[PDB]
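Participant: here are the coordinates; sequence isn't available:
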Ligand SMILES: *[C@@H]1O[C@H](CO)[C@@H](O[C@@H]2O[C@H](CO)[C@@H](O[C@@H]3O[C@H](CO[C@H]4O[C@H](CO[C@H]5O[C@H](CO)[C@@H](O)[C@H](O)[C@@H]5O)[C@@H](O)[C@H](O[C@H]5O[C@H](CO)[C@@H](O)[C@H](O)[C@@H]5O)[C@@H]4O)[C@@H](O)[C@H](O[C@H]4O[C@H](CO)[C@@H](O)[C@H](O)[C@@H]4O)[C@@H]3O)[C@H](O)[C@H]2NC(C)=O)[C@H](O)[C@H]1NC(C)=O
Ligand SMILES: *[C@@H]1O[C@H](CO)[C@@H](O)[C@H](O)[C@H]1NC(C)=O
């Protein structure tokens, strides 16, 4: 049973943030053996705290740890850009197993908010001629790198045949993402229009296409 | 201290695979070792731990006893025997060292049986990991469709229904790199991957400049060039 | 005559599995010993050696030297009813 962590936290450079890690009396609460790992994309995790509050050699003094009852916490003070990444707690358990928390994505807000640009492509003639159909919703130049996507057939929500990527960093350091709606050619031709609606920081950008 | 995993690959559910991890730069036989895994885009999951002398081992409920840890100290190697594989076993698998050493008290350094280290309860060395992908799909090259542009215009290529990862995409044989963005793949319910690549170009250049996406899927030895036009 | 009981503390769990910590070829290091008996509970294992002396005081001086020579390091207790010195490790 994974230790409970918040899905995400965020803060501005220079600020402090704290990430919790909730377990039981047979793990977090039963030993002084909670450790924390920082993970950057495409790399192995790296320990930043162990035994609840101790720092491995070389780790910045800005990282600290504590525990009360069945909940442990990692605090990072004076946030820097390089702190951005995913953080995982871990504890020894009463059966000598180990167990990780569900992980927390930390965002360090290092540039101003930027609204997504959206381009929606209809199915190509080549794909329709292959008896298939895909709408492609391309989302670009936004920050921070998180969005929600909703598809609509006319004005009715469509949830089937949808796949969406996690936002990826552009060369200009903003973010882009993609969403796909698969339909049969019959579905595509039957509806009056399709919409891809992208919600970013509480604001929605929409594009529409029609046969 | 270095750990190097191997033995990963692309396999089908029900199959078996044996992962190995070669250890160097420390005294392997005195230290505990783990496997930890991470499915793509998901969190870390502890898989198993084995004591320095192999006398005791522990496994997560989710993997007992399909995945079994063992070690051979005479070869400085850690193993994970993976049987009856399931799609949900798809992950990067990391070989990982348990930090350890003496128990210091009353002015003495205490070691376990045969001078083994006691555990310090954190992980201090990781390999780069080995990828395991478990799927009912078989190798299949992509179908490539153009994303036609409707003072800038976006256009691109949809790379559809391939297995396994990865595909690479360039534009105009690599001559065009400004404003190009190739997206991560999505894994569809069908078990096949799809991705897209797009480029932002001057609207004025359309009908003058040719745009072709060059798609390469090495696992199926497939190369496709698709011209993308208005 | 007085006697020296050199003792070590055992932890035990018909085969009986036990362990104790013993000093090693390095004096500041100790290692857990795999001790089994064949026909956690704590036990004390002793071996006893001898001397004659005029004093309870002179006997200690001697026994102290013995222990120091052998590498026995622990707590010392004396019972005059049984005139026995004891050194206990652990
Ligand atoms: C020969 O020498 C050995 C080694 O010194 C000695 O082994 C010790 O035995 C004693 C007595 O039985 C044990 O004491 C018990 O300890 C219980 C707590 O143990 C857990 O926590 C320990 C402390 O951990 C913190 O600090 C350490 C760094 O110091 C850090 O690494 C941790 O992460 C954490 O921050 C921890 O070291 C210990 O680790 C052992 O077990 C884990 C698995 O759990 C394993 O992975 C390790 O490799 C290691 O073996 C463990 O996690 C404590 O709760 C308990 O207290 C209860 O009982 C006592 C009575 O003994 C009561 O007084 C008390 O009120 C409680 O009811 C007790 O104190 C100690 O853990 C052993 N040490 C080790 C390293 O194993 C042998 O006893 C010696 N043999 C003889 C015959 O003497
Ligand atoms: C301890 O010794 C006994 C008897 O030789 C043996 O059965 C057991 O495997 C040993 N324990 C370890 C951990 O080596």
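Facilitator: Done, it's in. Residues are numbered from 1 along each chain as shown, chains lettered A, B, ... in the order given. Ligands and ions are numbered 1, 2, ... in the order given.
Participant: Who's the closest spatial neighbour of residue B:103, skipping the chain neighbours?
Facilitator: Spatial nearest neighbour of residue B:103, chain neighbours left out: residue B:110 (4.2 Å); criterion: CB to CB, 6 or more residues apart in numbering or on different chains. (C-beta placed from N, C-alpha, C; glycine too.)
Participant: tell me which residues form a beta bridge with the one you found?
Facilitator: residue B:103, residue C:30 (DSSP bridges).
Participant: Can you report how many residues lie near it?
Facilitator: By other CB atoms under 10 Å in any protein chain shown, the residues close to residue B:110 number 15.
Participant: so what's residue 49 bridging to?
Facilitator: Because you didn't say which chain, this covers chain A. Beta bridges link residue A:49 to residue A:36, judged by DSSP bridges.
Participant: ah, I was thinking of chain C
Facilitator: Under the criterion used (DSSP bridges), residue C:49 bridges to residue C:4.
Participant: just checking, it touches residue C:3?
Facilitator: Yes. Counting by CB atoms under 8 Å, residue C:3 is a contact partner of residue C:49 at 7.1 Å.
Participant: For chain C, which segments count as strands?
Facilitator: All strands of chain C, identified by DSSP state E, fall at C:2-12, C:15-23, C:29-38, C:41-51, C:75-79, C:84-89.
Participant: Is any residue of the first one near ligand 1?
Facilitator: Yes. With CB under 6 Å from any ligand atom as the criterion, ligand 1 is reached by strand C:2-12 at C:9, C:10, C:11.
Participant: circling back to that earlier point, please produce a markdown table containing the strands of chain C, extended by mean neighbour count.
Facilitator: Listed next are these as a markdown table, based on neighbours: other CB atoms under 10 Å in any protein chain shown:
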| stretch | mean neighbour count |
| --- | --- |
| strand C:2-12 | 18 |
| strand C:15-23 | 15 |
| strand C:29-38 | 15 |
| strand C:41-51 | 12 |
| strand C:75-79 | 12 |
| strand C:84-89 | 19 |
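Participant: okay if I get these as JSON lines plus distance to residue B:196?
Facilitator: Formatted as JSON lines, these follow (distance: least, CB to CB, whole Å):
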{"stretch": "strand C:2-12", "distance to residue B:196": "64"}
{"stretch": "strand C:15-23", "distance to residue B:196": "63"}
{"stretch": "strand C:29-38", "distance to residue B:196": "60"}
{"stretch": "strand C:41-51", "distance to residue B:196": "68"}
{"stretch": "strand C:75-79", "distance to residue B:196": "76"}
{"stretch": "strand C:84-89", "distance to residue B:196": "72"}
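Participant: quick one, phi psi at the residue sitting furthest away from the middle of chain A?
Facilitator: Largest separation from the mean C-alpha position in chain A: residue A:129, at 36.8 Å (CA atoms, centre = their mean). When read as degrees, to the nearest 10, the backbone of residue A:129 gives phi -70, psi -10.
Participant: Starting from ligand 1, give me the distance back to the closest residue in space to residue A:94 that isn't next to it in sequence.
Facilitator: Spatially, and ignoring its direct neighbours in sequence, residue A:94 is nearest to residue A:26 (4.1 Å; CB to CB, 6+ apart). Distance of residue A:26 to ligand 1, computed by CB to the nearest ligand atom, to the nearest Å: 11 Å.
Participant: What about residue A:26, how many residues nearby?
Facilitator: 16.
Participant: again, but for the one 3 residues further on
Facilitator: Taking other CB under 10 Å as the criterion, the count of residues near residue A:29 is 17.
Participant: what residues are up against it?
Facilitator: A:23, A:69, A:70 (CB atoms under 8 Å, 6 or more residues apart in numbering or on different chains).
Participant: One more: residue A:159?
Facilitator: By CB under 8 Å, 6+ apart, residue A:159 lies in contact with residue A:151.
Participant: backbone phi and psi for it, please?
Facilitator: Main-chain dihedrals, residue A:159, degrees, to the nearest 10: phi -120, psi -20.
Participant: Check which residues of stretch A:130-140 are buried.
Facilitator: A:132, A:133, A:134, A:135, A:136, A:137, A:138, A:139, A:140 (16 or more other CB atoms under 10 Å in any protein chain shown).
Participant: Of the residues you listed, which belong to strands?
Facilitator: A:133, A:134, A:135, A:136, A:137, A:138, A:139, A:140.
Participant: Let me know whether residue A:205 touches residue A:115 as I believe.
Facilitator: Yes. Here residue A:205 reaches residue A:115: they are 6.5 Å apart, a contact under CB under 8 Å.
Participant: that older thread, with distance to ligand 2 as extra columns, can I get the residues of strand C:2-12 next to ligand 1 in TSV?
Facilitator: Listed next are the residues of strand C:2-12 next to ligand 1 as TSV, based on distance: CB to the nearest ligand atom, whole Å:
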residue	distance to ligand 2
C:9	18
C:10	14
C:11	13
